[PDB]
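Participant: Got a structure here, written out as structure tokens. Questions coming.
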Amino acid sequence: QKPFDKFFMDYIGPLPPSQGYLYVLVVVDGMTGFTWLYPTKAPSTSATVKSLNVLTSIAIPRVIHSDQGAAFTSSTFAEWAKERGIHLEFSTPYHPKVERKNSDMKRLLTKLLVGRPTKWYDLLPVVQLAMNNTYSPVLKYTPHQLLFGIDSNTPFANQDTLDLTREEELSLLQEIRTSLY
Amino acid sequence: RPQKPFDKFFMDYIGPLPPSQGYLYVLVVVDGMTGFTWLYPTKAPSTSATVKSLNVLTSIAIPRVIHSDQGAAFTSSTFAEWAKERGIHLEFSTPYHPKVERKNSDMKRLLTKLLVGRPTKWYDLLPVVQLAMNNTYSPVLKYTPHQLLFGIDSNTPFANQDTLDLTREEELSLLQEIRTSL
Ligand SMILES: [Mg+2]
Ligand SMILES: [Mg+2]
Numbered sequence: 119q120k121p122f123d124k125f126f127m128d129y130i131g132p133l134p135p136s137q138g139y140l141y142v143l144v145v146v147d148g149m150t151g152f153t154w155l156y157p158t159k160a161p162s163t164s165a166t167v168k169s170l171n172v173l174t175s176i177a178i179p180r181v182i183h184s185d186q187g188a189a190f191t192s193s194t195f196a197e198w199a200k201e202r203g204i205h206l207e208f209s210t211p212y213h214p219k220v221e222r223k224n225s226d227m228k229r230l231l232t233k234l235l236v237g238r239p240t241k242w243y244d245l246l247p248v249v250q251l252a253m254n255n256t257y258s259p260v261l262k263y264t265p266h267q268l269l270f271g272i273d274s275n276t277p278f279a280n281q282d283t284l285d286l287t288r289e290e291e292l293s294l295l296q297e298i299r300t301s302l303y
Numbered sequence: 117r118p119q120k121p122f123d124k125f126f127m128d129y130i131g132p133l134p135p136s137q138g139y140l141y142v143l144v145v146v147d148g149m150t151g152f153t154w155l156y157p158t159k160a161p162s163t164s165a166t167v168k169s170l171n172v173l174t175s176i177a178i179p180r181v182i183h184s185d186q187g188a189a190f191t192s193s194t195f196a197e198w199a200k201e202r203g204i205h206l207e208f209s210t211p212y213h214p219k220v221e222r223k224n225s226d227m228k229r230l231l232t233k234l235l236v237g238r239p240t241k242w243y244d245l246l247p248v249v250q251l252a253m254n255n256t257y258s259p260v261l262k263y264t265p266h267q268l269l270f271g272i273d274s275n276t277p278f279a280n281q282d283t284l285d286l287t288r289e290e291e292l293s294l295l296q297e298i299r300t301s302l
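For the protein sequence lines, the chains are F and E, in the order given. The first sequence maps to residues 119 to 214, 219 to 303 in PDB author numbering. The second sequence maps to residues 117 to 214, 219 to 302 in PDB author numbering.
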């Protein structure tokens, strides 16, 4: 299994409106557990296409898994997916623990963002950062080092703090580091 | 070149471009060390589009330095507040202080021509442009930018390295035209 092999995709929201954004598109790499978080104004197909255009600038996934929300089962999205040889796979009642982690993550994510009603847009990058750079007892590593190579030139100076200075950021990093698993 | 990934970004807008799907500019962000390039379509070369694009990019990591010219999008009170907060140092081209400046400038001309050459479809093709760029061998660093950012001995997420899994006519054309100039 490669990285960028299979994406797990879902929306959280509606959240308190931080700077005209209400939702977050949560994309999770199946192999690495690396999470990309995209703020959106609506859980639309257009918003999803915009977000995934940016993500798929890096690599085109083999499979994208989502529930059967309107944004994902629209024909526009199917067309978008077909155009680039992406196969969409949907949550059904009958086809196959990965979800258990994603559910728990999406729950923490919602708690973190709802709790910062005014600033969550601004701190969204901090949340992704802290999450992808927190250690997993199942992965033996962090999602970041799994994506960017285990022994690789790390883009961080203080692993204690991940180069976060302000107390909003630190209290956030704490909460994630502690509550994640 | 600087020490590590994310030490230094070079940032600039290209355009105006032929209005494709409501977009008119591209924010070009280049990592100093790796040469990795991120392309972000916007409707304006504005502060808010930059902050919005860079918030995505900097979810990966916070750069120590961003270098840019004195475009209004970069010199605004709002953008300065954004950087001071994220802890990023902004470094501008000045009359006193304009090697790898030629690389960036050439690349930004190439990009403008590729996108203006595809007046109504450049927006849809941007991901192809970015992907092609970061996965083409660089004579200057013996590797591809993707290799330098994601790992020399990381397994490439592509089956065929000559085509990079690309099938469409207008898309293989781009990979060809980019593989020439770079
Ligand atoms: Mg859902
Ligand atoms: Mg300029």
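Here a beta-carbon is modelled for each residue, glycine too, at the ideal position from N, C-alpha and C.
Does the beta carbon of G131 (chain E) fall short of 7 Å from some heavy atom of ligand 1?
Facilitator: No, Cβ of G131 (chain E) sits at least 7 Å from all heavy atoms of ligand 1.
Participant: Take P179 (chain E) as the anchor and find which of E:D273, E:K200, E:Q250 and E:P211 has the nearest alpha-carbon.
Facilitator: The shortest Cα separation from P179 (chain E) among E:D273, E:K200, E:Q250 and E:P211 belongs to E:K200.
Participant: I need the boundaries of the alpha helix (DSSP H) containing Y243 (chain F), first residue and last residue.
Facilitator: Start and end: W242 to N254.
Participant: Run the Cβ filter for me: residues under 5 Å from any heavy atom of ligand 1, listed in the order they occur in the chain.
Facilitator: Residues with a Cβ closer than 5 Å to any heavy atom of ligand 1, in chain order: F:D128 and F:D185.
Participant: So with CB distances below 9 Å, who are the chain E contacts of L251 (chain F)?
Facilitator: Result: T174, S175, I176, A177 and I178.
Participant: Any beta carbon from chain E within less than 8 Å of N171 (chain F)'s own beta carbon?
Facilitator: Answer yes: the Cβ-Cβ gap between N171 (chain F) and chain E drops below 8 Å somewhere.
Participant: Within the continuous alpha helix (DSSP H) that includes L230 (chain E), where are the two ends?
Facilitator: Looking at the DSSP string, the run of the alpha helix (DSSP H) that includes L230 (chain E) is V220 to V236.
Participant: For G187 (chain E), is the beta carbon positioned less than 7 Å from some heavy atom of ligand 2?
Facilitator: True, at least one ligand heavy atom lies under 7 Å from that Cβ.
Participant: May I ask you to report which of helix, strand or coil DSSP gives residue 216 (chain E)?
Facilitator: Not modelled: residue 216 (chain E), which lies between 214 and 219, the two residues flanking a gap in chain E.
Participant: How about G187 (chain F): is its C-beta nearer than 8 Å to some C-beta of chain E?
Facilitator: Cβ-Cβ to chain E under 8 Å: no for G187 (chain F).
Participant: By a C-beta neighbour count over all protein chains shown, 10 Å radius and 16 as the cutoff for buried, is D147 (chain F) buried or exposed?
Facilitator: Buried, because 16 or more other Cβ atoms sit within 10 Å of the Cβ of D147 (chain F).
Participant: What does the alpha-carbon distance come out to for the pair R222 (chain F) and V260 (chain F)?
Facilitator: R222 (chain F) and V260 (chain F): Cα-Cα distance of roughly 13 Å.
Participant: Does chain E have any CB closer than 8 Å to the CB of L155 (chain F)?
Facilitator: Chain E contact via Cβ: present.
Participant: Mind listing the chain F neighbours of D285 (chain E)? Cutoff is C-beta to C-beta under 8 Å, in chain order.
Facilitator: Those are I178 and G203, listed as they occur along chain F.
Participant: Hey, does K241 (chain E) have any beta-carbon neighbour from chain F nearer than 8 Å?
Facilitator: No, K241 (chain E) does not count as interfacial toward chain F.
Participant: Helix, strand or coil for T158 (chain E)? Go by DSSP, reduced to three states.
Facilitator: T158 (chain E): strand per DSSP, three-state reduction.
Participant: Should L286 (chain F) and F278 (chain F) be called a contact, given that it needs their Cβ atoms to be closer than 8 Å?
Facilitator: Not a contact, by the Cβ cut-off of 8 Å.
Participant: Counting along the chain, where does the alpha helix (DSSP H) carrying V172 (chain E) start and finish?
Facilitator: Its alpha helix (DSSP H) spans residues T163 to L173.
Participant: Since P277 (chain F) meets chain E, which of its residues come closer than 7 Å, beta carbon to beta carbon?
Facilitator: Near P277 (chain F) (Cβ distances below 7 Å), the residues of chain E are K120, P121, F122 and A177.
Participant: By how many angstroms is the C-alpha of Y243 (chain F) removed from the C-alpha of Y243 (chain E)?
Facilitator: Taking the straight line joining both Cα atoms gives about 25 Å.
Participant: Work out the CA separation of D273 (chain F) and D273 (chain E) for me, nearest whole Å.
Facilitator: Roughly 10 Å between the two C-alpha positions.
Participant: Less than 8 Å between C-beta atoms, sequence neighbours within five positions excluded: which residues of the same chain meet that for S192 (chain E)?
Facilitator: Excluding sequence neighbours, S192 (chain E) sits near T163.
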